[PDB]
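Written below as C-alpha cells is the structure these notes are about.
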Amino acid sequence: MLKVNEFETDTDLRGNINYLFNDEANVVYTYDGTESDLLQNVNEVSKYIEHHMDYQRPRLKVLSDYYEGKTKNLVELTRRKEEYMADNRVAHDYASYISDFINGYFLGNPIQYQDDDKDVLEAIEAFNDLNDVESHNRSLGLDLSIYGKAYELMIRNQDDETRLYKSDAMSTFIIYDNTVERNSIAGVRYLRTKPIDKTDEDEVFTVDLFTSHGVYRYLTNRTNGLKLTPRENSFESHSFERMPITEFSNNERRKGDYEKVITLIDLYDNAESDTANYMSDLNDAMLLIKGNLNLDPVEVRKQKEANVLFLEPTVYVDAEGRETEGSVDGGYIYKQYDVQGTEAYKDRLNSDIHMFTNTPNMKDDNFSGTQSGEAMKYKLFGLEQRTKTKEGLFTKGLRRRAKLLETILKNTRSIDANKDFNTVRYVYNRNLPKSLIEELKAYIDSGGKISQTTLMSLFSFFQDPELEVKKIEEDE
Amino acid sequence: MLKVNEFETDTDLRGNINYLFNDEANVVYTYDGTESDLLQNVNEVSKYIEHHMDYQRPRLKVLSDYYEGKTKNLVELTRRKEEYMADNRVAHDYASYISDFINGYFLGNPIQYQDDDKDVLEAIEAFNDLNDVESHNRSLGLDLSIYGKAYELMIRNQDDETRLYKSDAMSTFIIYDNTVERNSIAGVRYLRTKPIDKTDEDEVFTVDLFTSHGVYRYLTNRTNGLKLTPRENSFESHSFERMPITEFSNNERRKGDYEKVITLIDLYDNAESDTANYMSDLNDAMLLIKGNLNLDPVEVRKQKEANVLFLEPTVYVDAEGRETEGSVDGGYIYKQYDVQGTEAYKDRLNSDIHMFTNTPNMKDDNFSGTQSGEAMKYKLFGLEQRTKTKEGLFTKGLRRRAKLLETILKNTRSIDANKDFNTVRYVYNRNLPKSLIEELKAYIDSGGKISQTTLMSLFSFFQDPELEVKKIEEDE
Amino acid sequence: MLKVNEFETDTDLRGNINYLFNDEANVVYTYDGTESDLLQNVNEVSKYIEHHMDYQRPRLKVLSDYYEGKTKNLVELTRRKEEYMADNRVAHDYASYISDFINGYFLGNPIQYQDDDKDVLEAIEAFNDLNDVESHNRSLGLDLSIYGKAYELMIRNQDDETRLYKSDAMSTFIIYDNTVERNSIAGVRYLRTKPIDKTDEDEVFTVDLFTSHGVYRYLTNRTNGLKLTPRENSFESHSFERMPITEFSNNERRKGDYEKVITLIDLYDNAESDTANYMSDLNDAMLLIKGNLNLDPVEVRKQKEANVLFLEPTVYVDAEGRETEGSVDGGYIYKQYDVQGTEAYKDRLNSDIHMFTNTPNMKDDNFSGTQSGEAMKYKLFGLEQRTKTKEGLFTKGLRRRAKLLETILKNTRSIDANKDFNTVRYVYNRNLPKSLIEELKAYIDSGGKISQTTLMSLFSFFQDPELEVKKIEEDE
C-alpha cells in the first residue's frame, strides 16, 4: 500500500504522539480459527501478547499518565536549547476534569433494571446488591472515558459467591474470530511477577488465558520471546458456557474523551512554562563585559559583592612611546517582548479544549446581570449525542453480563431453566447540572405545587422540619 | 518494556516531581501466597518495608509538606544564578484551602446510620458515641484529601474498651494477595525509636506486623538491611478474626485532591518571588565605572558617603611630551521591563488552580448588581461527581468497620450471634454553601411558611425569643 | 532516609523560615515507658527540655513576635547592598487582624453547658462563675489561633479554691506515651529565674514536673547541660488522679491560623519598604562629576551652598607650547521606573493573604449600588469548616477538664460519688457578622413580628423606651 498520512520518524526519535496515533496502537485482534485450534497452537497467543506489549500498552500508558497529571512537559529530559537558564516544568489537569464531568453526566444516577418476570428482577437485584454494582458501573464508565474501553471478569470465588470485578485495561485484551459477527474466542490477562524485587532479574509475567470452558495458567518472560510454560495450577474449569471476560467500548473507534485534545494540553503546558522562563531569565540577565581587561572571575565576584564595577582599559604603547588606552563597555543583555499579547492565545487554547470536549468553559468571576447560557445549551446537546452512543454500547455489555449471570445461576440450580434474562429493560436517567433555586422558581412560575414537608426538605436551615409543621399550626 | 513517558534524570538530580510522579511511588503491594507463608518467611516483609521507605514515603512526605505550606520554593538551596542579588522566597497556601473546602463539603454533616434491627443500631450508636466517630470520620476524609488514602486500626485497650484510631499514612501500609479480589494479608506499622536523641546513632525502627490472629513486634535498622528481630512482647492475640487495619481510598488511583495541581502552585510561587526580586534589585542597581582611574573601594565608599563622585582620568604623556587625558564614564546598570504585563499571567495560574479543583475563585471585591453565579453551578456539579465516587469507597470502608465491630462484640458476648450488621444503611447529606437570607427569600417566594419561634431563631438580635411571642401577644 | 524537600542551609545562616518549617519544630513528644520509670530516670526529662529549648521554642517565639507586629523586616541588621542610601523598615499587622477575626467568630458567644442532672449542671456553673470561664475560653481560642495549641493547669489554691489558669505555650509541654492512644505521662513548666538581673550571670531556670500524683520542683542551668537539682519544696501532692495539665490543639497538625501566610506578609513588607527607598534615594541622587578637576569636598560644599557649580578643566601644555584644555561633565545619576506598575502586585499579595485565611478583603471605599456579597458567602463557608474541626478538638479538651473537676470535687466531698460528668453536652453558637438594618428588613419581609418594646430596644434614639409606649397610648 501507499504511505498515506503516516509518520516517518526514526524509531529511536518516537515520542508520545507516535505511541498514541500510529496505526498499530488500537487494532482489534482477530483469529481465523476456533478456540480448539488456538488452544492447541498456543504459540499464536505469544504473538498477540507481544503485539500488545509493543503497540497497545504504550498508548494506554500515555493516556493513563495524562489522567494522573503526568504530561510530556514534566518527563522530557531537556526542553530547552540553553543549559544554564531556567527550566520551569508544568502540567495542566484538563484530562481529569473532562473525564469526571462526562462520567458524572452519564452515571450520576444508577441504571434502573426492570422486567416482566419478578424472579429475574430479584435475581438481578440480589446480584447487584452483593457486588455494589452501582459503583462497578461508575468505574467502568470512568475507564471508558480514559481508555476508550473497559473489561470486566465474572468469577465464582472461594465462598461460592458469584462475583464481578473490573480488569485493568493495560493488561487485558480479547481475541476475536475473523467473522463479521466478531465472536470472542479467548481472553488474556498478563501480570508482572516479582514487581518489587531489586537488582534487575529478567522480567517474568504470569499469564491467564480464559476460554469457553476454563482458564489456563502460564509463566513467561521477554528474553525467551514470550514462550508460555504452564504453572502448577495449569487449568481450572468454570461453569460459564462462554468466555467470561466482557469488553465495553466508549465508541466504535474505542477512543477516549480527552485523547483527541492531548496535543492542545501540551501546547498549554509549553505556553505557561515559556512565560515562567521569561520572567526568571530576565532577572538573571547575563552581564556582558567588552574590552581588553584584567578581570578574574573571583575579582568580578568581589566587585559585585561591593556593588561597584571598575572597567579599567589596558594601555598600549607605541615604539614612539605614545600611550593610548583601549575601549571598554558593560551591560545586561536580555530578550524583551510584550508578554501580555500572548494572553489571548492562551485564552484560545483553553476554550478549544473545552469546546471539543463539550465541557463548561466560562470564567468563575464576578459578573453582573442575568445570563441566557446560550452556548451551554448547545454544549449539553453535543454531550447528549455522545452519551446516547455510549449508552447503546453499554446496554450491549450489560446484555452479555446478564447471559453470563443466567448461565451460572442455571448450572448451579439457583434459578429455573425456563427463566431467560434477555427480556430485561435497562432505564437510564441523565444527571443534568442544576441549581435548586432556578429549578424551584421555574417550577412555581409554571403552576407547580409542593408540600410544606418537601419544601422544607430542600432548605437545610430547618433543623428538624417534622416539628415545624406542628409549630406552624400552633401559630394558627 | 519500552520507556514510555518516563523520567531519565540522574538519580542525584531528582526533585519533588520525581518523587511524586515516578512509577513506583503509588503501587499496591501484593503477595502471591497466604499469611501462613508470609509469617514464616518474614524476610519478605523487609522487602516491602524497604520499598515503602524508598519510594512511597517520599511522595507522601512531599504531599504532607505542601499541606503545611512547606513548598519547593522555600527549601531549595539556591534558585538564582546571582549570588549577591536578592533571593526572596515565598509559599502559597493553596493546598490547605482546597482540602478544607472539599472535606467540608463531604463531611460537614455527620453520616446517619440506620437499620431495621434496633439492637444493631444501638450497638453502632454506642460504639460511635464512645469514640467521637463524627470527628474520626472528618479526619479520615481530610487524610483522603491530602494523601489519597487513609488507615484506621481497631483495638481492645487496657480498660477493655473497643477503640478506633486513625493510623498515620506515612508509616502504615497493607500487603494484599495476588487475587483479583485483593484480600488483605498483613498490615505494617513502623515507627522511629529514639526520635529525640542527639549525636547520630544508627536509626532504629520498631515494627508491628498485624495478622488475622494477632500482632507480632520487632526492632530493625537501616544499616543491617531492615532485618527484623523480635521485641520482648514478641506477640499478642486479638479477637478480631480478620487483619484489623482498614484502608480507605480517595479514588481508584489513590490520588489526592491537590496533588495534580502542585506544579502550578510552584509556578505561582516563582512568579511572585520573581517580582519581589525585580523590585529590590532595581533599588540596589550595580554602579558601573568605566575608564582608567585610581579609586580604591574605601575611597569610593567615602565619596558615596559625601554623595559626590569624582571620576578623574589619568594623563598619558608622549615622548614628544604631549599630554592627553583618558576617558571616563559612570552610571547604574539595571534591567527594566513592564512588570504590570505579567499580572494577567498570574491571574491565569490562580484561576487554573481553582478550576481543576472545583473550588471557588471569584474576587472578594466591591461588586455591584446581582450575579447568577453561573460558573459556580458547574463547579458544584463537578465537585459532586468526585464526592459521589468518594462516598462509594467510604461506605466500603465502613462496611468492613462494621464487620470487625460485629466480630469483636460476638467473641466477647456483647451481642447475640444472630445479629448480622451487613444490613446497615449509611445516609449522607451534602453540606452546600448557603447564605441564609437568599435561602429564606427563595423559600418564602415559594410559598413556604415558618413559625415565629423558628424565624426568630434564624436572627440573633432576639436576645431571648421565648419572651418575644408573649410580648407580641401583649401588643395584641 | 533520603533528604526530601528539606533545608540544606548552613546552621549559622538560618533565619525565621528555618525555625518555622524545619522538621523538629513541631514534633509530639513520646516516651516508651510509664511515669514510674520516667520519674526515677529524671535524666530523660533533661533531654526533652533541651529539645524544646532548641527546636520548639524558636518557632513559637517567631509566631508570638508576628502577633505583636515584630516582623523580619524590622530586626534584620541590613537588608540592602547600599550602606549609605535609605533603609526604611516597615511591619504590617496582618497576623493580629486574622487571629482576632477568627477567634471572634468562634467564641464571640459563650459555650452553653447543659446536662440531664442539675447537680452536675450547677457544679459546672459554679466552677465557671468563680473562674470567669467565658474569658478563659476566649483566651484559649486566641492562643490556639496564634500558636496552634494551648495549655491549661487546674490547681487548689491557698484559699482552698479550685482554680483554672492558662499556661504560657512557650514554656509548657507534655510528654506522651508511645501508645496509639497517646496518654499523657508528664507535664513540664520551666521559667527563667532572675529575669531582671544585670551583668550576665549564668541563666538559671526553675522547673515544675507535673505527674499523676503530684508536682516535683527543680532548678537547672544551660551551662551544666540542664541537669535538674531539687528545690527545697521538692514535692507537693495534688488530689487530681491524673496529670493536671490539659493541652488543646487548633487542628491535627497544631498549626496556627496565620503561620502558613507569614512569607506573604514578609513580601508585603519588602514591597513597601522598596517603594519608600525608591522615593527617598531619588531625592538624594548622587552627583557625578567627570573630568580632571581641582575640587576639594569643602570647595564643593561651598559652591553647593552658593547654588552654582563651576567645573574648570585643567590645561595641558605640549613641548611645542600648545595649550589644550581637558573635558568636564556633571549630573545626577539615579534609577527611574514606573513604580505605579507595581501596585497591582501589591493588590495580589494583599488579597492572597485574605483568601488563604478566609478573612474579609474588600476595600473600605465609597461604592455605589447593592452588592450580593457572593465571595463572602464562600469565605464564611470555608471558615465554618475549620471552625467545626476546632470545635471538635475543643470539646475533647473540655471533657478532660470536666473529669478533672469531677475528681477534685469527689476527693474533697463536694459532690456525691455517683455523679459522673461525662454526660454533659456542650452547645456552640456561631457569631456571624451582621448589620441590624439588613437583618431587620429581611426578617420583616419574611413575615416576622416584633413587639414595640424590643423594636425600640434595637434603636438607641429612644432615651427611655418604657415611657414611650405610654406616650404613644396618650396619643391614642
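Each chain gets a letter, A, B and so on, in the order its sequence line appears, and its residues count up from 1. We use all heavy atoms of the structure for the numbers below, so side chains are in, but hydrogens, waters and symmetry mates are not.
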* Asked: Where do A:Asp329 and B:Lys290 land on the salt bridge (charged side-chain N to carboxylate O under 4.0 Å, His left out) test, with the steps shown first?
  -> CA-CA 7 Å; A:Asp329 212 359; B:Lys290 292 188 290 175; 2.9 Å; yes
Give, as side chain, backbone, both or neither, the part of [X] having an atom under 4.5 angstrom from any heavy atom of chain B.
X        : answer
A:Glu305 : both
A:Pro313 : both
A:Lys471 : both
A:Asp318 : neither

What option among [options] has the most heavy-atom pairs under 4.5 Å with chain A?
options                      : value
B:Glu374, B:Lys81, B:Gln371  : B:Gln371
B:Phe7, B:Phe21, B:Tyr345    : B:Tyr345
B:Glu384, B:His354, B:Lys363 : B:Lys363
B:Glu391, B:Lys304, B:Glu50  : B:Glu50
B:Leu436, B:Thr342, B:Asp338 : B:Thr342
B:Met376, B:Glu83, B:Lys434  : B:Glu83

Any side-chain heavy-atom pair of [X] and [Y] under 4.5 Å:
X        : Y        : result
B:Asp23  : A:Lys70  : yes
A:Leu309 : B:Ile289 : no
A:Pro360 : B:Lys377 : no
B:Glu252 : A:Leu142 : no

Are [X] and [Y] close enough that their ring centers fall under 6.0 Å?
X        : Y        : value
A:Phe101 : B:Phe381 : yes
A:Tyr94  : B:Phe356 : yes
B:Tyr443 : A:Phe462 : yes

* Can you tell which of A:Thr275, A:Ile444, A:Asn350, A:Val339 has the highest number of heavy-atom pairs within less than 4.5 Å of chain B? ->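 Of A:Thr275, A:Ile444, A:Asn350, A:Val339, A:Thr275 has the most heavy-atom pairs under 4.5 Å with chain B.
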Relative to chain A, which segment of [X] carries a heavy atom at a distance below 4.5 Å: side chain, backbone, both, or neither?
X        : answer
B:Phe367 : side chain
B:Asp32  : side chain
B:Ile17  : side chain
B:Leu393 : neither
B:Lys346 : side chain
B:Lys255 : side chain
B:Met85  : side chain
B:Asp352 : side chain
B:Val300 : side chain
B:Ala86  : neither
B:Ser327 : both
B:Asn5   : both
B:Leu2   : side chain
B:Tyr48  : side chain

Would you mind checking if [Y] and [X] are paired as a salt bridge, meaning a charged N to carboxylate O distance below 4.0 Å?
X        : Y        : answer
B:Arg80  : A:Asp284 : yes
A:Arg322 : B:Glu320 : no
B:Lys260 : A:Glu68  : no
A:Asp475 : B:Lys449 : no
B:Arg399 : A:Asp132 : yes

